[PDB]
Amino acid sequence: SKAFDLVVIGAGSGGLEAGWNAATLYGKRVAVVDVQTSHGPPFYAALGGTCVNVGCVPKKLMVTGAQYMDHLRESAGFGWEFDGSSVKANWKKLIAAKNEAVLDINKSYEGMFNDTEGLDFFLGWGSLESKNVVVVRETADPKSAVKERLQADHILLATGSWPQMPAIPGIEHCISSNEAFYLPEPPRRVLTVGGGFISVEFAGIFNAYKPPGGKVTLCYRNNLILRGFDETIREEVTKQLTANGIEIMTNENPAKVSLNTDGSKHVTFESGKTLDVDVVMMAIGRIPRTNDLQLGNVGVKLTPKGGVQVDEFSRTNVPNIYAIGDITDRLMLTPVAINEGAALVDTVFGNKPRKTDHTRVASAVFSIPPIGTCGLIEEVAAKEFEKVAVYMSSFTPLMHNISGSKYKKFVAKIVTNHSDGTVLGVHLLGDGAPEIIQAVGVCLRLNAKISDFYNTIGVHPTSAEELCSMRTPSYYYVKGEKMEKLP
Amino acid sequence: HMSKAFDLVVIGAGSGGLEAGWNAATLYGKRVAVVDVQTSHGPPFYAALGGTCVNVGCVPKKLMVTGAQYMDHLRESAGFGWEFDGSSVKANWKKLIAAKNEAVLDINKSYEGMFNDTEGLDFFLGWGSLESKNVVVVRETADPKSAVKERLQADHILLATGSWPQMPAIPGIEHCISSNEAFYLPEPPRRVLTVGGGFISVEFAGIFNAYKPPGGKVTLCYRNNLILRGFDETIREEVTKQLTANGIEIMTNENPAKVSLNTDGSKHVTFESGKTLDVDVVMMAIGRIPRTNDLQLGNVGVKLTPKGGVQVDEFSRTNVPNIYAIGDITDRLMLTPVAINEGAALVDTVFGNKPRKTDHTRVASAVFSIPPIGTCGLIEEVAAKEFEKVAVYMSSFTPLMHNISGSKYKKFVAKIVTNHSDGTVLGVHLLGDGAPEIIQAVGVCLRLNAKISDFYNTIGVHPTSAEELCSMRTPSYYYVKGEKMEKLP
Ligand SMILES: Cc1cc2nc3c(=O)[nH]c(=O)nc-3n(C[C@H](O)[C@H](O)[C@H](O)COP(=O)(O)OP(=O)(O)OC[C@H]3O[C@@H](n4cnc5c(N)ncnc54)[C@H](O)[C@@H]3O)c2cc1C
Ligand SMILES: Cc1cc2nc3c(=O)[nH]c(=O)nc-3n(C[C@H](O)[C@H](O)[C@H](O)COP(=O)(O)OP(=O)(O)OC[C@H]3O[C@@H](n4cnc5c(N)ncnc54)[C@H](O)[C@@H]3O)c2cc1C
Ligand SMILES: CC(=O)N1CCC(C(N)=O)CC1
Ligand SMILES: [Br-]
Ligand SMILES: [Br-]
Ligand SMILES: [Br-]
Ligand SMILES: [Br-]
């Protein structure tokens, strides 16, 4: 048995920020628990968290790899010549390079623990034994052997989320993004199930690395993918994915999956349609990872959707027990989890309470081409404000008229409170959009108005200067109804 | 044949002149004439309708840098598993130039159609000069004795003729070219010397390096010790290293003394130091000077500054009440979006009853080197002269994807310079892929007087290079009454 100021269950984005800050900034004694020291099967996430091991970091490397399919083709318009029939995409090399980069990060976190006073790492499965006792066991089974018993003044729940799998016959013949990161071969025919960012991003990855004759299909149960993003951009990215050979099946949903004699999968949709693929990747959602924590031993309250309930300062209903990150089922983003962990420790162990601001958070989708966004979409703004203006610019950049990818329209939209010009949201689609949007997030913390953008001098030639060239609204929402002119 | 009369006559149909002319005609209903020497790009006069940026400037050079970037993309793709016949790769310069020419000509034609269509906005072809306070003469050539094509009466006259490459007076200067000719070379040079340490020399060095034929070599020379004066010093040193790492030879503290032709027709350059270099093309990019000579400004008494630009006040007014000047002719910041801003402000002031002056501080700009620069605001040595305590926040590292691509020399640099007394951000300086795109919204931030805490409180977008700007809370070092030091005393 060992005594600690803070015990953190989950060595992830938020948990590591909280633990490191508690130990090095405030001199506290910190223990952090995770189930695996490095990435991959059997538990996939590990020391460093989901983003490091099976999330943002490896997927961004794989999207970068997939972008070379476009670069090799597009180089021709600028005079580059080579033998196109010799091009091939080696998925094994990609996965090996990705594996080496993730493992390097795993090892560096190991050394961080070894090198930092008052910051200890424990391997195993943590759960709540009592209000001030965290127990670490060998497996997720609550009857497996006890490895440690950790007394704690404060307990932080930071176990993240896990892929949601629908209750359909044959769901056991499907995979999630966890397994996609380790496929021995690139699938020739693949169905990605879901309309959200993970399904869209992997669709682009598989599309570039598929062997000859391959086909990527994405299905989504409603009418338009990427719910929660700007509607113009949802339509345009649909169009540009299709232009690059991905088939988008909307208003369709798998009803069952069965095994074929050759090892492929036979998917039957609710509509009666069928599709044979080598791999079915379910990406319909991610759910808080609460079941192994034994929250019933202490009475930590969950919300109806399954997150741990928290106030604005990440406090549960049980004194001295806190939760941050994906387990609170709010914004599932790594920098938000980091921010929450830092605010929590500043509040508990420092002299100043701090709460995370969950509005105006910039984020991205690494689709091909990608999305960058910050703030409100226009239909959410129209329910909160009487007069909303939308400024819109959409065109194919000159370079893609030369590259031959004329379908690659760049979209830039600014949403304002028209009563005073305040910028409520900015939404971008096109090369560079995730990089352009970061400083827009800073603008929204300075109560920037549309005139502040238009009066700034542009950098030329860029896509970003479009944001400083919009003077006149394209249309409006008045009392919630869309219209081209004001009344 | 009768002279024609206008509210405003613009000499030069470029970045600033077209903005002023279009806004005067379409926003305020004024009658406008605009004069330029050529209706589409290229020899003999190079610039034309649309200006220097459209014809032999930002627009074509960015397309050519984009073309040059594919040399890096093709090599870097292997680390991510891409395989193809490397021996078959060829860079076809003629196809690049043909594609660029067709793009620029399309812009030329669209501007031509704007004038043919738009009420109160007329274009006149020829050389404009000042005859008197209210008369612009349009002649067939730059020679003031050449034939008169038109006389344009004007209540207000806007000088917007831009700038021109400067050529040093050395023996053999006739064997050298400028950036104007570089845009039209029939074949890519095997060996080329670019002379100058500024952005045009650096950018063209990158272009020639990608399209050079087998066994070629690009050399850049600069007369002082470190290229890219005026930019952040950490970035100046890193750009030098990363150009060198991509095979460009950088000769600093060197300057051509003379050029002669070898018997085979190549250029033999002798430097002041006595070093020699044999190249196929010498491109001079040592500076650009305002185009005032042909305007006959003596006829009306428009004052020039010692340096040679048209003298203007904050509202672009010359010493002659109804004559104005904007853009490169004022010999200040030579950027297309500054000329456009000045032209819009002038027209709002003169015809719009809403006075406004251009802010020449905190202007974001870029260098499309490979990899590129994005910057806005003060460099730290300048800030240290104006502020008692200056803080510098700095992040520099090779991004993970270039540890896989093999281009490990590609360190991304992000620096924020502050007034440490109150946290105000004085400048932001970036080197690396995406830097020109990242810096645009930084310019909006600085115009809103952002402090370092506004950057740090903003939640990052992950994974990006840009999020480094929102993760810096502790200064790397300081300047205290001008003195650099790791810690405050
Ligand atoms: C494919 C994919 C791509 C993504 N891309 C992005 C992106 O580009 N940008 C972005 O911002 N976000 C992205 N995310 C989301 C991001 O990964 C999460 O928001 C973030 O990792 C959550 O941080 P956290 O601290 O809540 O938990 P995590 O980082 O998930 O860490 C939780 C840790 O808890 C451990 N654990 C779980 N249960 C126990 C237990 N009982 N005992 C001990 N340890 C336990 C796990 O092994 C894991 O390491 C992506 C997610 C996925 C799945
Ligand atoms: C190689 C190069 C690259 C550049 N890259 C960039 C970049 O990336 N970004 C950026 O912001 N800036 C860039 N610039 C600078 C930009 O081109 C200028 O700042 C901008 O064009 C200046 O606009 P202006 O209105 O002053 O003049 P210009 O745009 O030069 O227009 C002046 C016009 O006047 C005409 N003219 C001249 N004399 C007469 C006369 N007597 N009668 C009639 N017409 C006349 C000319 O033909 C010309 O069309 C670059 C410049 C060069 C040379
Ligand atoms: C995945 C998704 O629906 N997103 C859109 C809304 C974003 C936000 N800041 O609320 C987060 C990303
Ligand atoms: Br779905
Ligand atoms: Br929908
Ligand atoms: Br060629
Ligand atoms: Br701060």
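Sequence order for the protein chains is B and A. The opening residue of the first sequence carries number 2 in the deposited numbering; numbering runs sequentially from there. The opening residue of the second sequence carries number 0 in the deposited numbering; numbering runs sequentially from there. For each residue, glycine too, the CB sits at the ideal point set by N, CA and C.
Residues in the same chain with beta-carbon distance under 8 Å from residue i, minus the five sequence neighbours each way, listed in chain order, please.
| i | result |
| --- | --- |
| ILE403/A | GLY78 and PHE79 |
| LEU377/B | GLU385, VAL416, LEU425 and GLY426 |
Measuring alpha carbon to alpha carbon, tell me which of the options ends up nearest residue i.
| i | options | result |
| --- | --- | --- |
| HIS359/B | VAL346/B, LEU332/B and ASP327/B | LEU332/B |
| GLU387/A | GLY125/A, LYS483/A, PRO164/A and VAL88/A | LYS483/A |
| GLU130/A | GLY205/A, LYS480/A, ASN456/A and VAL301/A | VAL301/A |
| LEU157/A | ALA324/A, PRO474/A, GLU379/A and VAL412/A | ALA324/A |
| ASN254/A | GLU466/A, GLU236/A and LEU192/A | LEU192/A |
| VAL389/B | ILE369/B, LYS414/B and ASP121/B | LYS414/B |
| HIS428/A | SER364/A, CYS175/A and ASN448/A | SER364/A |
| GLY20/B | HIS419/B, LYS353/B and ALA338/B | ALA338/B |
| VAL319/A | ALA244/A, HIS155/A and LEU276/A | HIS155/A |
| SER406/A | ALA383/A, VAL391/A and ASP432/A | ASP432/A |
| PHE83/A | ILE96/B, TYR69/B and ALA97/B | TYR69/B |
| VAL135/A | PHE122/A, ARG150/A and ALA141/A | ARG150/A |
Name, in chain order, the residues that DSSP records as bridge partners for residue i.
| i | result |
| --- | --- |
| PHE123/B | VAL34/B |
| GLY481/B | BP columns for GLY481/B are empty, so no partner. |
| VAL88/A | Paired residues: none, contrary to the question. |
| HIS428/B | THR374/B and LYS414/B |
| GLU82/A | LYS89/B |
| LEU62/B | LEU62/B pairs with nothing; no bridge assigned. |
| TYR476/B | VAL391/B |
| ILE249/B | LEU219/B |
| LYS450/B | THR423/B |
| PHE5/A | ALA153/A |
From the DSSP output, in three-state form, read off residue i for me.
| i | result |
| --- | --- |
| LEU151/B | strand |
| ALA19/B | helix |
| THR329/A | helix |
| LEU487/B | coil |
| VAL136/B | strand |
| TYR110/B | helix |
| residue 574/A | Any answer about residue 574/A is impossible in this case: the structure gives chain A only from 0 up to 488. |
| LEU48/A | coil |
| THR423/A | strand |
| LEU219/B | strand |
| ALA440/B | helix |
| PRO255/B | strand |
| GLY41/A | strand |
| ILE10/A | strand |
| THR233/B | helix |
| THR275/B | strand |
| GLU341/B | helix |
| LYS94/A | helix |
Once you ignore the five residues that flank residue i on each side, which residues in its own chain have a CB closer than 6 Å to its CB?
| i | result |
| --- | --- |
| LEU62/B | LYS99 |
| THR457/B | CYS469 |
| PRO289/B | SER162, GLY307, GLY308, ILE328 and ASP330 |
| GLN310/A | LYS302 and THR304 |
| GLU313/B | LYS356 |
Going by beta carbon distance, what residues of the same chain come within less than 7 Å of residue i, once the five residues before and after it are set aside?
| i | result |
| --- | --- |
| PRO398/A | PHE411 and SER464 |
| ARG361/A | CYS375, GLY376, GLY442, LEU445 and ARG446 |
| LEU104/B | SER39 and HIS40 |
| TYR45/B | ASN54, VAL55 and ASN179 |
| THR51/B | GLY13 and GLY161 |
Practice prompt. Enumerate, from N- to C-terminal direction, the unbroken alpha helix (DSSP H) stretches of 4 or more residues contained entirely within the region 280–333 of chain B.
Written response: Counting only runs of 4 or more, we get nothing.
Fill in: Inside the region 142–216 of chain A only - alpha helix (DSSP H) runs reaching at least 4 residues
178–181 and 198–210
Worksheet item: Where are the alpha helix (DSSP H) runs, 4 residues long or more, that stay fully inside the region 356–395 of chain A, in chain order?
Response: Given a length threshold of 4 residues, each whole run of the alpha helix (DSSP H) inside the region 356–395 of chain A is given here in chain order: 379–385.
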